[PDB]
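Participant: Just the starting chains for now, same placement as in the complex:
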Amino acid sequence: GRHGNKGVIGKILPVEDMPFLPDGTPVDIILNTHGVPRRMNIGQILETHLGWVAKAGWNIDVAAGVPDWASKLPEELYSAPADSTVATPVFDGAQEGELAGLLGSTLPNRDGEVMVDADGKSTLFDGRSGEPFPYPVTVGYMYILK
């Protein structure tokens, strides 16, 4: 990715057995949790969240009024459809408050159910044993280069 996170492909699994969302939507990449925290690249987790936002779309936050966090302020950004592309210029980008507010938004997969919470996490089902993974796992969309 653009944050200095690099690695070789160690394995490629049949789409059958992979962590897959409640929709039955398999994840494409599984990145290890341990390399992230110590390297100070955490920007890669942000764009992982935004990546999910930009992919699924979202809405306000209104009415009646605009919430406190949006006041500083997203302008005309209150609604974007699914798959819209985002731009956060380096030294004025989105801000932590604005992420959470967007993190809840918006259904559906197709059916009105939501696949990710306000923490940017989801319950993945192991495609191997078929049972869910005991804890909520972070999912999203990341931009990775070959």
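Facilitator: Nice, thanks for sending it over. Residues are numbered from 1 along each chain as shown, chains lettered A, B, ... in the order given.

Participant: who touches stretch A:24-37?
Facilitator: Around stretch A:24-37, the neighbours that count as contacts under C-beta atoms under 8 Å, 6 or more residues apart in numbering are A:5, A:7, A:15, A:18-21, A:42, A:44-45, A:109, A:115, A:124, A:127, A:139, A:142, A:144. Just so you know, the C-beta spots here come from the backbone N, C-alpha and C atoms, and that holds for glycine as well.

Participant: For residue A:40, give its distance to residue A:142.
Facilitator: Relative to residue A:142, residue A:40 is positioned 17 Å away (C-beta to C-beta, to the nearest Å).

Participant: Those two: who's more crowded?
Facilitator: Neighbours per residue (other C-beta atoms under 10 Å) separate residue A:40 from residue A:142, with residue A:142 holding more: 19 against 9.

Participant: before we move on, back to that, can you tell me which of the contacts of stretch A:24-37 are buried?
Facilitator: Neighbour-count burial (16 or more other C-beta atoms under 10 Å) applied to these gives A:18-21, A:44-45, A:115, A:124, A:127, A:139, A:142.

Participant: With distance to residue A:102 added, can I get those in TSV?
Facilitator: Listed next are the buried ones among the contacts of stretch A:24-37 as TSV, based on distance: C-beta to C-beta, whole Å:
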residue	distance to residue A:102
A:18	26
A:19	23
A:20	24
A:21	19
A:44	18
A:45	15
A:115	15
A:124	22
A:127	29
A:139	15
A:142	17
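
Participant: any idea which of those is closest to residue A:89?
Facilitator: For these, the closest approach to residue A:89 (C-beta to C-beta) belongs to residue A:44, at 17.7 Å.

Participant: residues touching that closest one, list them.
Facilitator: The neighbourhood of residue A:44, defined by C-beta under 8 Å, 6+ apart, consists of A:1, A:3, A:5, A:36, A:142.

Participant: then add chain B to what we have above:
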Amino acid sequence: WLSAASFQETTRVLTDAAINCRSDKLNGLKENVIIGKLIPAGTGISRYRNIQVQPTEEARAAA
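Facilitator: So that you can see how it sits with the rest, here is chain B on the chains above:
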């Protein structure tokens, strides 16, 4: 002297060696590496490399 030459200050070493007319016994392991001999350490030591192996007469009987 060829151990010292390979280490550093090669020209200084070779010139002093040729004047002192130095003879290298080739005892050290770096010397034996350069010439392709068996280093005098580990399995290259005399006691190990000269081991002689034969099956026990008891073993040959069972065949």
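
Participant: residue nearest the centroid of chain B?
Facilitator: The centroid of chain B falls nearest to residue B:39 when counting by C-alpha atoms, centre = their mean (3.7 Å).

Participant: what about residue A:85, how many neighbours?
Facilitator: Using other C-beta atoms under 10 Å in any protein chain shown, residue A:85 has 7 other residues around it.

Participant: same question, residue A:82
Facilitator: Neighbours of residue A:82 (other C-beta under 10 Å): 11.

Participant: List the contacts of the residue nearest to it when sequence neighbours are not counted.
Facilitator: Leaving aside its sequence neighbours, residue A:82 sits nearest to residue A:57 (C-beta to C-beta, 6 or more residues apart in numbering or on different chains; 3.9 Å). Residue A:57 is in contact with A:79-84, A:105-106, counting by C-beta atoms under 8 Å, 6 or more residues apart in numbering or on different chains.

Participant: Distance-wise, check residue A:57 relative to residue A:81.
Facilitator: The value you get for residue A:57 to residue A:81, if C-beta to C-beta is used, is 5 Å.

Participant: And residue A:4, by the same measure?
Facilitator: As judged by C-beta to C-beta, residue A:4 and residue A:81 stand 32 Å apart.

Participant: Next one: residue A:33 from residue A:76, what distance?
Facilitator: Distance from residue A:33 to residue A:76, counting by C-beta to C-beta: 36 Å.

Participant: Which one's more surrounded, those two?
Facilitator: Neighbours of residue A:33 and residue A:76, each counted by other C-beta under 10 Å, are more numerous for residue A:33; the result is 9 against 6.

Participant: distance of residue B:40 from residue B:33?
Facilitator: Separation of residue B:40 from residue B:33 (C-beta to C-beta): 11 Å.

Participant: Append chain C to the structure above:
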Amino acid sequence: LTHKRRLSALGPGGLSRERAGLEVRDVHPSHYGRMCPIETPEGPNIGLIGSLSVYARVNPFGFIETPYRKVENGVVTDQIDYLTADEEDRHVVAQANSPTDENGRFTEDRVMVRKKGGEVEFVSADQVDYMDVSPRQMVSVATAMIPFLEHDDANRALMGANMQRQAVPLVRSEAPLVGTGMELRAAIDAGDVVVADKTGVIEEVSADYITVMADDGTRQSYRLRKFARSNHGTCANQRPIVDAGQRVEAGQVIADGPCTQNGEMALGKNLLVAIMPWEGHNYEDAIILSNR
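Facilitator: Next up, chain C placed on what we already have:
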């Protein structure tokens, strides 16, 4: 695009890579807005090679200048003056983002400023002269392409810039779902995308070439690079993004280049990511992929 814009201290007429000490490799306070501090090689070229900043501009005498907006009496004008390092030490450079007031003026009681140390200081709107043209003056093009740059340590950012220029064009070339400003303007200025130099309409679109009939009555055509082998063996293939009837304007993007989609740099794909550790397969920086 970054190979041009690179500035290195080695070569004839300059110091050798081995002799120069770390004092030249360190970033100087005057590099601000001129030479990007975050971008250099990781090898033992560190600090000897750097990329020119985004708004930096070269002087007829060979000194780099950076654009500034001069402030007078707590009011930032539209006057934009390009200053060298000498004349920047002369004045007080207001911070790029300081609250703006109505028709514009200092809002915040006091102003963020850079001195001639360069030593940073906090003074009111009274004593300022110039202000920064915008954030990321110090940043280079590739650096300016890292979303959430401000959250990543300079170590991993440097690696991030270097590795963007290390990517390879995919057959499909999808653009980044979460981008930054530069993707648009870095691709057109690279020259690997086909831009129209006159307003008009498309007469023909073939995989081989694209012709446009200008309002000027003139006729311009562009032959498309197709599966051209690049220096290191990547693929330069281009594809038309326009259709026969289409109207087009001067400076628009007729065809995509190797790494571009619809005019912006696409150096990779958007992938669905799961950050869990998985059965000891993705471990110690390794990655696992969907056979998809």
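
Participant: Could you re-examine the contacts of stretch A:24-37 with chain C now present?
Facilitator: With C-beta under 8 Å, 6+ apart as the test, stretch A:24-37 has contacts from A:5, A:7, A:15, A:18-21, A:42, A:44-45, A:109, A:115, A:124, A:127, A:139, A:142, A:144, C:271-278, C:281-290, C:292.

Participant: Of all residues in chain B, which one is closest to chain A?
Facilitator: Going by C-beta to the nearest C-beta, chain A is nearest to residue B:33 of chain B, at 34.9 Å.

Participant: what sits against residue A:95?
Facilitator: Applying C-beta under 8 Å, 6+ apart, the residues contacting residue A:95 are residue A:72.

Participant: if you set the cut-off to 10 Å instead, what comes out?
Facilitator: A:69, A:72, A:74, A:88 (C-beta atoms under 10 Å, 6 or more residues apart in numbering or on different chains).

Participant: related to what we said a few turns ago, isn't the residue nearest to the centre of chain B right next to residue B:48, touching?
Facilitator: No: Residue B:39 lies out of contact with residue B:48 (C-beta atoms under 10 Å); the separation is 12.0 Å.

Participant: Residue C:162 falls within a helix, correct?
Facilitator: Yes: per DSSP: H, G, I helix; E, B strand; the rest coil, residue C:162 lies within a helix segment.

Participant: From the contacts of residue A:95, keep the buried residues only.
Facilitator: By neighbour count, with 16 or more other C-beta atoms under 10 Å in any protein chain shown, the contacts of residue A:95 hold A:69, A:74, A:88 as buried.

Participant: Not counting its neighbours along the chain, what's nearest the second one?
Facilitator: By that I understand residue A:74. For residue A:74, ignoring the flanking residues on the chain, the nearest one in space by C-beta to C-beta, 6+ apart is residue A:98 at 6.2 Å.

Participant: ok so, going back, quick one: which of the buried ones among the contacts of residue A:95 is nearest chain C?
Facilitator: Closest to chain C out of those is residue A:88 (5.3 Å), distances taken as C-beta to the nearest C-beta.
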